[PDB]
């Protein structure tokens, strides 16, 4: 099971909106409980990854409203409505549906 992220990297100015994509080869929708088992991690440099979103759209405790996960099935997006200096990171999507728990190659956010 393959997770494809795009873009690999991108450069914004703080203030601007940004979108990154995560496709999976196979659907992450479990009709068991009707949730997409897709997780987003923010990893800043010199730092461990940090949970942002789980079940495609549900935002972890503490994470600002400017991060919005969407999509279902095989096609997901993460959107930062207004990028802040503190958002400089690599963003990874992880398959939390079946073993092995594969990650995307990540989208690296850089700033001007």
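Residue numbers count along the first chain shown, from 1.
Looking at mean Cα B-factors across 61-69 and 26-34, the upper value is held by 26-34. When the CA B factors of the chain's modelled residues are split into thirds, the value for residue 11 lands in the lowest one. In the deposited entry, the Cα temperature factor of residue 92 places it in the lowest third of its chain's modelled residues.
In the PDB entry, residue 77 places in the lowest third of its chain by CA B-factor. Among the modelled residues of the chain, residue 21 sits in the middle third by CA temperature factor in this PDB entry.
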